[PDB]
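Text of the file upload_32.pdb, holding PDB, C-alpha atoms:
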```pdb
ATOM      1  CA  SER B   1     -10.956  -2.708  -9.827  1.00  0.00           C
ATOM      2  CA  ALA B   2     -12.545  -1.906  -6.410  1.00  0.00           C
ATOM      3  CA  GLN B   3      -9.490  -3.829  -5.216  1.00  0.00           C
ATOM      4  CA  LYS B   4      -6.401  -3.165  -7.353  1.00  0.00           C
ATOM      5  CA  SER B   5      -4.684  -6.115  -9.049  1.00  0.00           C
ATOM      6  CA  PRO B   6      -0.848  -6.337  -9.229  1.00  0.00           C
ATOM      7  CA  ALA B   7      -0.953  -6.467 -13.066  1.00  0.00           C
ATOM      8  CA  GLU B   8      -3.296  -3.472 -13.070  1.00  0.00           C
ATOM      9  CA  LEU B   9      -1.034  -1.421 -10.775  1.00  0.00           C
ATOM     10  CA  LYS B  10       2.002  -2.560 -12.752  1.00  0.00           C
ATOM     11  CA  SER B  11       0.405  -1.428 -16.046  1.00  0.00           C
ATOM     12  CA  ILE B  12      -0.626   1.952 -14.578  1.00  0.00           C
ATOM     13  CA  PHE B  13       2.811   2.335 -12.926  1.00  0.00           C
ATOM     14  CA  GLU B  14       4.565   1.621 -16.253  1.00  0.00           C
ATOM     15  CA  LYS B  15       2.218   4.130 -17.938  1.00  0.00           C
ATOM     16  CA  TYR B  16       3.236   6.755 -15.337  1.00  0.00           C
ATOM     17  CA  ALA B  17       6.971   5.969 -15.139  1.00  0.00           C
ATOM     18  CA  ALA B  18       7.203   6.008 -18.957  1.00  0.00           C
ATOM     19  CA  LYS B  19       6.349   9.762 -18.794  1.00  0.00           C
ATOM     20  CA  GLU B  20       9.869  10.316 -17.363  1.00  0.00           C
ATOM     21  CA  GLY B  21      13.218   9.371 -18.959  1.00  0.00           C
ATOM     22  CA  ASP B  22      13.482   6.040 -17.083  1.00  0.00           C
ATOM     23  CA  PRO B  23      10.367   3.742 -17.348  1.00  0.00           C
ATOM     24  CA  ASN B  24      11.253   2.262 -13.895  1.00  0.00           C
ATOM     25  CA  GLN B  25      10.183   4.862 -11.257  1.00  0.00           C
ATOM     26  CA  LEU B  26       7.709   7.620 -10.641  1.00  0.00           C
ATOM     27  CA  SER B  27       8.864  11.048  -9.439  1.00  0.00           C
ATOM     28  CA  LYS B  28       7.021  12.781  -6.552  1.00  0.00           C
ATOM     29  CA  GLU B  29       4.615  14.492  -8.976  1.00  0.00           C
ATOM     30  CA  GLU B  30       3.804  11.182 -10.707  1.00  0.00           C
ATOM     31  CA  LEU B  31       3.476   9.221  -7.424  1.00  0.00           C
ATOM     32  CA  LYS B  32       1.167  11.917  -6.032  1.00  0.00           C
ATOM     33  CA  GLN B  33      -0.992  11.651  -9.151  1.00  0.00           C
ATOM     34  CA  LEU B  34      -0.996   7.840  -8.797  1.00  0.00           C
ATOM     35  CA  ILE B  35      -2.180   8.198  -5.197  1.00  0.00           C
ATOM     36  CA  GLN B  36      -4.899  10.580  -6.351  1.00  0.00           C
ATOM     37  CA  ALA B  37      -5.968   8.062  -9.034  1.00  0.00           C
ATOM     38  CA  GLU B  38      -6.035   4.953  -6.780  1.00  0.00           C
ATOM     39  CA  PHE B  39      -7.498   6.628  -3.644  1.00  0.00           C
ATOM     40  CA  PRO B  40      -7.725  10.476  -3.406  1.00  0.00           C
ATOM     41  CA  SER B  41      -6.713  10.796   0.277  1.00  0.00           C
ATOM     42  CA  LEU B  42      -9.827   8.813   1.398  1.00  0.00           C
ATOM     43  CA  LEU B  43      -7.427   6.943   3.729  1.00  0.00           C
ATOM     44  CA  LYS B  44      -9.902   6.608   6.626  1.00  0.00           C
ATOM     45  CA  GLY B  45      -7.345   4.705   8.762  1.00  0.00           C
ATOM     46  CA  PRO B  46      -3.874   4.436   7.109  1.00  0.00           C
ATOM     47  CA  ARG B  47      -3.783   8.277   6.829  1.00  0.00           C
ATOM     48  CA  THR B  48      -0.221   8.236   5.396  1.00  0.00           C
ATOM     49  CA  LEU B  49      -0.240  10.034   2.066  1.00  0.00           C
ATOM     50  CA  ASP B  50       3.483  10.968   2.383  1.00  0.00           C
ATOM     51  CA  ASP B  51       5.137   8.848   5.125  1.00  0.00           C
ATOM     52  CA  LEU B  52       5.031   5.921   2.617  1.00  0.00           C
ATOM     53  CA  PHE B  53       6.536   8.141  -0.088  1.00  0.00           C
ATOM     54  CA  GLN B  54       9.420   9.157   2.168  1.00  0.00           C
ATOM     55  CA  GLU B  55      10.032   5.556   3.325  1.00  0.00           C
ATOM     56  CA  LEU B  56      10.445   4.747  -0.433  1.00  0.00           C
ATOM     57  CA  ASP B  57      11.828   8.139  -1.687  1.00  0.00           C
ATOM     58  CA  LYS B  58      14.668   6.928  -3.916  1.00  0.00           C
ATOM     59  CA  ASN B  59      15.861   9.192  -6.791  1.00  0.00           C
ATOM     60  CA  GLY B  60      17.294   7.468  -9.880  1.00  0.00           C
ATOM     61  CA  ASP B  61      15.562   9.508 -12.610  1.00  0.00           C
ATOM     62  CA  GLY B  62      12.189  10.178 -10.954  1.00  0.00           C
ATOM     63  CA  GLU B  63      11.580   9.046  -7.363  1.00  0.00           C
ATOM     64  CA  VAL B  64      10.069   5.769  -6.212  1.00  0.00           C
ATOM     65  CA  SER B  65      11.327   2.766  -8.224  1.00  0.00           C
ATOM     66  CA  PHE B  66       9.231  -0.289  -9.168  1.00  0.00           C
ATOM     67  CA  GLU B  67      11.428  -2.156  -6.654  1.00  0.00           C
ATOM     68  CA  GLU B  68      10.429   0.135  -3.761  1.00  0.00           C
ATOM     69  CA  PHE B  69       6.909   0.895  -5.142  1.00  0.00           C
ATOM     70  CA  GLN B  70       5.898  -2.753  -4.561  1.00  0.00           C
ATOM     71  CA  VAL B  71       5.794  -1.881  -0.804  1.00  0.00           C
ATOM     72  CA  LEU B  72       3.334   0.937  -1.682  1.00  0.00           C
ATOM     73  CA  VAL B  73       1.321  -1.395  -3.963  1.00  0.00           C
ATOM     74  CA  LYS B  74       0.826  -3.865  -1.075  1.00  0.00           C
ATOM     75  CA  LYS B  75      -1.173  -1.168   0.811  1.00  0.00           C
ATOM     76  CA  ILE B  76      -3.286   0.030  -2.183  1.00  0.00           C
ATOM     77  CA  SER B  77      -5.777  -2.854  -1.991  1.00  0.00           C
ATOM     78  CA  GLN B  78      -7.360  -3.284   1.461  1.00  0.00           C
TER
END
```
Hey, can you dump this file as structure tokens for me?
Amino acid sequence: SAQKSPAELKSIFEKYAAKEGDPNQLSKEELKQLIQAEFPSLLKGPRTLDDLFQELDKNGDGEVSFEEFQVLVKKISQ
């Protein structure tokens, strides 16, 4: 919603990750889109669009795993 619920983000995340072979991560392209969807760079404070990606930039099939993504999630709602 205005604030993003864990279940909500989880559902969206699954929806995104399922676009790639492994429904467990989102590749750079997908993560970027997610960012755009949740808050299109209106980060008037925590300016990091990419620092957070890099800090979590794994690469199994896509990029950022659900495991790592949870750290991202924590900063969505604020």
| field | d(atom CA of residue B:28, atom CA of residue B:8) in Å | value | 20.3 Å
| said: If the PyMOL selection byres ((chain B and resi 13) around 9) were run on this exact file, what residues would it hold? Put them as a ChimeraX atom specification. | reply: /B:8-12,14-18,23-26,31,34,66,69
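For residue B:43, the list of residues within 12 Å, based on only C-alpha atoms and with local chain neighbours fewer than 4 positions off taken out, reads residues 35, 36, 38, 39, 47, 48, 49, 50, 75, 76, 77 and 78 of chain B.
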| Can you list what the PyMOL selection byres ((chain B and resi 61) around 8) grabs from this structure, as number ranges by chain? | B: 20-22, 25, 27, 59-60, 62-63
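Relative to atom CA of residue B:42, atom CA of residue B:19 is found at 25.9 Å.
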| message | Report, in Å with one decimal, the straight-line distance from atom CA of residue B:30 to atom CA of residue B:64. | response |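 If I compute the distance from atom CA of residue B:30 to atom CA of residue B:64, I get 9.4 Å.
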| task | Would you please work out which residue, of B:3, B:68, B:53, B:45, is nearest to residue B:32 when using all atoms listed in the file? | result |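 Result for the nearest residue to residue B:32: B:53.
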